[PDB]
Amino acid sequence: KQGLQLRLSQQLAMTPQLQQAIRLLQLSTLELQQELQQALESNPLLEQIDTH
Amino acid sequence: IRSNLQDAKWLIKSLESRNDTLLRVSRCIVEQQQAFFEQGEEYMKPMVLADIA
Amino acid sequence: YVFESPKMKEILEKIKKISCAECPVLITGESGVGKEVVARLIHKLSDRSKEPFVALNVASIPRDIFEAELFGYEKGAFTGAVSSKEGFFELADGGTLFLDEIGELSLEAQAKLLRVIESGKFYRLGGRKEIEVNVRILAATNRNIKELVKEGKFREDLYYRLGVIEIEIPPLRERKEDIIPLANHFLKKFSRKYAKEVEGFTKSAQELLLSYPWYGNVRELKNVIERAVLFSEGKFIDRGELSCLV
Amino acid sequence: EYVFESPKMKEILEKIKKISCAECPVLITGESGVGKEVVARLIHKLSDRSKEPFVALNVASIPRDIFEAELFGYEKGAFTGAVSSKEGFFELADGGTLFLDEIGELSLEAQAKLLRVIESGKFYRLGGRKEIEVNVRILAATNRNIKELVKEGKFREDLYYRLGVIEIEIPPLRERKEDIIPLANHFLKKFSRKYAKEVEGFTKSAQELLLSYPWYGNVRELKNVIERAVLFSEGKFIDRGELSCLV
Amino acid sequence: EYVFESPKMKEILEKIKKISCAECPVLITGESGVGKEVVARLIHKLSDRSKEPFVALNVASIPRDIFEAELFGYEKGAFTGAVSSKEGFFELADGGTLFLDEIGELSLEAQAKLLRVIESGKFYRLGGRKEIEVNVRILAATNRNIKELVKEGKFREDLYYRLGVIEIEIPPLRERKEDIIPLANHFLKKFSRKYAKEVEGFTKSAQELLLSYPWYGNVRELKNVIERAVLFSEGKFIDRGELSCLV
Amino acid sequence: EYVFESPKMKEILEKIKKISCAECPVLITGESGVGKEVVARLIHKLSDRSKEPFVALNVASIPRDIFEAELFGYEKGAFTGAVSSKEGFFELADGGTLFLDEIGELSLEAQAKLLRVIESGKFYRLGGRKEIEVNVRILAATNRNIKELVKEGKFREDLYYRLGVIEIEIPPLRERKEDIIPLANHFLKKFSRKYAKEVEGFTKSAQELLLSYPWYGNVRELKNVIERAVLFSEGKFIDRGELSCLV
Amino acid sequence: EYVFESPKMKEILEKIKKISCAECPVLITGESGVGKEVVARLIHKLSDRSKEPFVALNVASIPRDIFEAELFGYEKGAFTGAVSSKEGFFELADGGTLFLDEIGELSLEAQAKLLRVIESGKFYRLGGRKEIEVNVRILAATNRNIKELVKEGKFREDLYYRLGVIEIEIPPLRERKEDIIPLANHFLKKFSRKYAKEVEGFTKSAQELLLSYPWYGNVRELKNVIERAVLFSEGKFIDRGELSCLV
Ligand SMILES: Nc1ncnc2c1ncn2[C@@H]1O[C@H](COP(=O)(O)OP(=O)(O)OP(=O)(O)O)[C@@H](O)[C@H]1O
Ligand SMILES: Nc1ncnc2c1ncn2[C@@H]1O[C@H](COP(=O)(O)OP(=O)(O)OP(=O)(O)O)[C@@H](O)[C@H]1O
Ligand SMILES: Nc1ncnc2c1ncn2[C@@H]1O[C@H](COP(=O)(O)OP(=O)(O)OP(=O)(O)O)[C@@H](O)[C@H]1O
Ligand SMILES: Nc1ncnc2c1ncn2[C@@H]1O[C@H](COP(=O)(O)OP(=O)(O)OP(=O)(O)O)[C@@H](O)[C@H]1O
Ligand SMILES: Nc1ncnc2c1ncn2[C@@H]1O[C@H](COP(=O)(O)OP(=O)(O)O)[C@@H](O)[C@H]1O
Ligand SMILES: [Mg+2]
């Protein structure tokens, strides 16, 4: 019946596999650059080619 | 360092794939609408997203 | 389908007249008379002819999961909610819902049924959005609902809502003008279905059909005819083959 | 459009007008079919939350074993079968009004779960470790006398004193004689315009028959009777004989 | 080899001969150990499709959570962990016979799923797009009282009407007394060669004892008794005392 | 190694030796501590398959929802998490003996899953479409009156006749008065050597006390009493006082 | 540390010292607050496993659906969500002692899952086909009376004889009159330093009051009373007035 329980069962589970790296396609160049700047701030091992 | 390196490589791959997809879509669009670039408007063909897809 | 008796003709005319109205319709009678046949005829001639006809029996509904069938549920609402499910009210959206054996419904669940009929809106179990549906209600009963109401075993409001137009179907025991047509129709249908040459019943076997006080009515008649066709070894069916069953 | 002609209904409307500036819980009591939900919607409309959600919930239909999941929601790994987080009705009605219909039919065990949320406004999800604060106004409607239930040990006194800050009592249609004919005319007009039949008004005998019947289903029964009469009328005026659904 | 030396059993055998070439589902009802498996395999053997698979299945051994995956099959990627596509038992017995033992153990949802396929004759894989058509002859056996099951509300009435077109009710062994003696002598030999024990037959007293016991396990209980008698004996004849303790 | 001085146990020993060549399932019944495990292992040792595995299963410790996977196994991809194929306890015990201990504590739903394997030995895996045949002897032990359970609607009447081909009943210790003293010495030599004590026998009054006591735990309780007497002993003999406080 | 002064409590200590070499299960019984866990830990400390794990388990806080997965463990792929192998408490406590606290709260069906592992120590993991042998000493504690519980029928008889090899019963504090004053002084010294008070002892009237109160919570209640007296103390002595709660 309708209830909330913790149990050991054998089930066939569905497969979601998307929404990963999909939001970068609709971003324009400027918003993409802002996202890349945030990622550079948050990750030590990411660097951007510099002109200085 | 391992986690950050893996994330960096994943982001680089994502950017490369985005650029390649944009280039392919643009090339297909230009190939479909070719009488516009030679004679301007009044020679546009009608098309929707399904054709390019 | 075959209708030859004057009572069946009157019921057919009444069904033709009432098909336009969208009021809930109740049908009563003995077992195996054709209540579902009348309901499907009403649905066919109604303005919802192309709409779904969702027929369900409430006798097979478990007591403790009735709501899960009444409203449906979303994914992950409880244990065993693997995927989204639609209740019978949502299934018949725009169509006609046929509740068979309404007289055996428990008292507590009855109060939970008409509450959805009058309001017309409900929430799916685990769903946060409101659902509005329109359904034409056909109900079937085998006993006398009025006597149940007088015994306190039924809701009077539900009777009033369902009993806007009620129909009584005479049992086959008092429809002796249909015995031969039904027997011949079933004989030909099953003979074609099983691909064996059986022409028709003998004169001796015909009187056995009338002499039999059919208790299962059309269902029993169809089963007996089908079994007689299955064991038939000649184009003429004698009374000896039928006497084995009866 | 709603009909309020009896002096008691006008007094109730004036009380709603006066309390339109309050966020207290409201408790509505009466018989079945008298208009508790109509009064609740009127209270919501006249208040300052008129542009906010109005969540009507019948607490007598939710299964007992999944009561907290419906009211409070859950997280991803709360139990076997939970795959994603889902909000409850309290969080759905955040910033608006929550109407609880048939609060008396709630079991004595289920009344204990609502104690803290009504006053504090804070709770935890099923499987959540963060406190959620919401701003919801509670309207509750019941047909049973809550005071008798509390006096006989069937309704918790804590919940009764939490809810009944303001109490509204709706007299039955049997005691509203002045409020029968206008409602009958309104229903007649609505059903004539909806079912596309032809009818304009009742005869004097029909008016007397309507006024003499002790309506026990209240406005619900009146509406059903008028609908049936419209469905079974073909002239222009409904006579006493057609309105034979009564006794 | 089997034993059919009772008038009821001979009539059932004639019915089997008449029916074995038909194309309708068969339902076999009886007590415990009456010979339902024997009847099913005899129906399959004396059939135009006797060279085709006879898939015998126990409906109580299939878990609910994967039920429709076993009976119909699934495609690759239908669910997480689906390595490769797999067929169901309906396709496995395509062109042959599918026997369902103890059909009364089915659940309501499984009953509806089976009814759909029995009616239409075509189904779909769990994660498939094309439609599969099969030519399976369905035999189902049970020992419950199916009428009481449908009256109680455990077996779907339409499913029973679909399956219960042909009923074969094997009478209990206590009503087949003239079949008891040929059965025992059938078993006594079979075990005598099997266990190498030397024994010829039963004495008159033992034969009289055999006909008087109201067997509750029917043929299986008689087989067990004869096996015990053969094991716990060394003489050429089995007498009253040897079977007295067993009975 | 064991003690079988009582004639009622000598008859059981003769019966066990008499069924060495057989392979039919055996059902063992008795009270607690009477020696069902000893009888089962002795039957296994004296048979022709003594070199084969003896798989003992406590059927009450198998979870309800994974019962089919344990007794039958599965193929890879049968469900979410079947990353590799597995073999059940019927395939593991192939060629040997499977001993179901405390089979009377089996739910009515789980008893119907063993109806076809015990008879024929053919089954399918979970997700397998090819039949698997095994050669397994089945011994079952229970401490409950199986006939009373069958007639009380707690144990299926088909499984009883499938299992109960040969039934062995072990009398309680209150009836095996000729084993109390041979056992009491036995356990004594087991324990005084284990704990390096100096006890070598019982006095003439402790033996009478042992004989008079109505052992309700049977041989297990006798073991416990003897171990307690040995642990708290001082001297070369155990007198009446050293165990009168217990029994 | 602990205080044992009453003559009936020194016999328990002598028995504990007597069973140092043993490895049989121990069953501890007494009222609430008499020191069952103290005795269990003292038994563990004086044995040969004193440097081994002491796994104290409350068997009343293990869900019944995953019970078998907690005491035995599971293999990879046993069920959906089993992504790695995990051990149980029996294997975690291997080489040491497992202390089941409140063994009398187990349900009848949950007691049948412990029958074959207490005696032999061999079991199969969920989804495992290889047997596992462990060396664990079983201590069990309960505040009920297991003998009369078995007589009534709420405790299995075949588990009581497995657990109860050696039984230790602790008398109530109202019978250990020689322990009241030493325990009171011990607790006063313990609590006068944690809270940095200036109390050093009791008065004669306070001691007379302490000897007449029928302690229902036993040592736990005495400890609570002494803590209350210390917290609200002003002088260097605790007078009978400060112990007014014991009147
Ligand atoms: N006039 C008819 N001509 C041919 N077949 C008919 C006719 N009336 C009924 N039947 C047959 O009778 C059988 C039973 O019909 P139906 O299920 O509608 O009856 P019922 O048992 O009284 O109804 P319910 O179980 O839905 O309350 C059907 O197989 C149908 O084909
Ligand atoms: N005529 C016969 N001659 C010889 N053996 C027979 C005969 N009829 C039945 N048997 C034997 O009876 C035994 C049990 O019969 P069967 O396998 O058909 O049981 P069943 O009716 O399906 O049982 P259950 O209802 O318990 O599932 C079989 O081993 C079979 O060999
Ligand atoms: N004849 C015997 N000689 C020696 N020891 C015996 C004898 N019969 C029984 N025992 C002892 O009895 C003890 C109790 O366990 P036993 O094997 O009798 O289990 P049971 O109560 O019959 O059933 P189960 O173990 O299957 O739950 C065993 O430790 C065994 O050594
Ligand atoms: N002899 C003693 N000396 C000192 N303290 C003691 C003594 N006996 C008991 N205590 C104290 O009594 C308190 C409660 O006792 P304990 O928890 O051991 O008993 P219990 O209620 O029987 O146990 P449980 O319910 O946890 O199985 C503990 O804090 C313990 O320190
Ligand atoms: N004053 C009114 N004017 C118009 N309609 C009304 C009035 N009072 C009640 N009704 C009608 O009666 C029906 C039942 O009233 P409602 O408050 O919804 O349920 P209940 O009062 O039984 O909880 C409603 O559909 C409503 O339209
Ligand atoms: Mg069978």
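Both counts, for ligands and for their atoms, begin at 1 and track the order of listing. Chain letters run A, B, ... following the sequence lines, proteins first, then strands; residues in each count from 1. Any value given below was found using the heavy atoms of this structure, including those in side chains, with hydrogens, waters and symmetry copies removed.
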Exercise. Please test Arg220(D) against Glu118(C) for salt bridge (charged side-chain N to carboxylate O under 4.0 Å, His left out), starting from the C-alpha separation and ending with a verdict.
Key: CA-CA 10 Å; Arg220(D) 184 87 49 79; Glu118(C) 53 192 6; 3.1 Å; yes
Self-check item: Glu102(E) with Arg144(E): basic N within carboxylate O range, under 4.0 Å
Solution: yes
Practice problem: Measure up the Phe89(F) and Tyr124(G) rings against each other and bin them: parallel (under 30°), tilted (30 to 60°), perpendicular (over 60°). | Solution: perpendicular
Quiz item: Is it true that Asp101(F) lies under 4.0 Å from ligand 3, counting heavy atoms only?
Solution: yes
Quiz item: Would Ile16(F) and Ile168(F) satisfy side-chain contact (heavy atoms from CB on, under 4.5 Å), going step by step from the backbone distance to the final call?
Solution: CA-CA 9 Å; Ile16(F) 289 177; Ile168(F) 296 184; 4.2 Å; yes
Quiz item: Quick one: does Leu183(D) get within less than 4.0 Å of ligand 5, heavy atoms only?
Solution: yes
Self-check item: Under 3.5 Å: N/O of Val219(F) near N/O of ligand 3
Solution: no
Quiz item: For ligand 5, which atoms, with element, lie under 4.0 Å from some heavy atom of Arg220(D)?
Solution: 14 (C), 19 (O), 20 (P), 22 (O)
Self-check item: Heavy-atom gap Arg41(F) to ligand 3 smaller than 4.0 Å
Solution: no
Exercise. State whether the shortest distance between N or O atoms of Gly33(D) and N or O atoms of ligand 5 falls below 3.5 angstrom.
Key: yes
Self-check item: Any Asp179(F) heavy atom less than 4.0 Å from ligand 3
Solution: no
Quiz prompt | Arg228(D) to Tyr160(C) six-membered ring, cation-pi geometry met (6.0 Å, 45°) | solution = yes
Self-check item: Side-chain touch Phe4(D)/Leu42(D), heavy atoms, less than 4.5 angstrom
Solution: yes
Exercise. Report yes if some heavy atom in the side chain of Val55(D) is under 4.5 Å from a heavy atom in the side chain of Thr97(D); otherwise report no.
Key: no
Quiz item: Does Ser32(F) have a heavy atom less than 4.0 Å from any atom of ligand 3?
Solution: yes
Quiz item: Out of curiosity, is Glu102(F) lining ligand 3, as in a heavy atom under 4.0 Å away?
Solution: yes
Self-check item: Distance-only N or O hit between ligand 3 and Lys36(F), under 3.5 Å
Solution: yes
Exercise. For atom 31 (O) of ligand 3, state whether the nearest protein heavy atom is under 4.0 Å away.
Key: no
Self-check item: Close side-chain approach of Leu139(D) and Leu100(D), heavy atoms under 4.5 Å
Solution: no
Practice problem: Check whether the side chains of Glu31(D) and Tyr216(D) place a donor and an acceptor atom closer than 3.5 Å, and report yes or no. | Solution: no
Quiz item: By number and element, which atoms of ligand 5 are closer than 4.0 Å to a non-hydrogen atom of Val38(D)?
Solution: 17 (O), 26 (C)
Quiz item: For ligand 3, is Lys223(F) a contact, meaning one of its heavy atoms is under 4.0 Å away?
Solution: yes
Quiz item: Nearest non-hydrogen atom to atom 11 (C) of ligand 5 belongs to which of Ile170(D), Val39(D), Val219(D)?
Solution: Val219(D)
Quiz item: Between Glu37(D) and ligand 5, does any nitrogen or oxygen pair lie at a separation below 3.5 Å?
Solution: yes
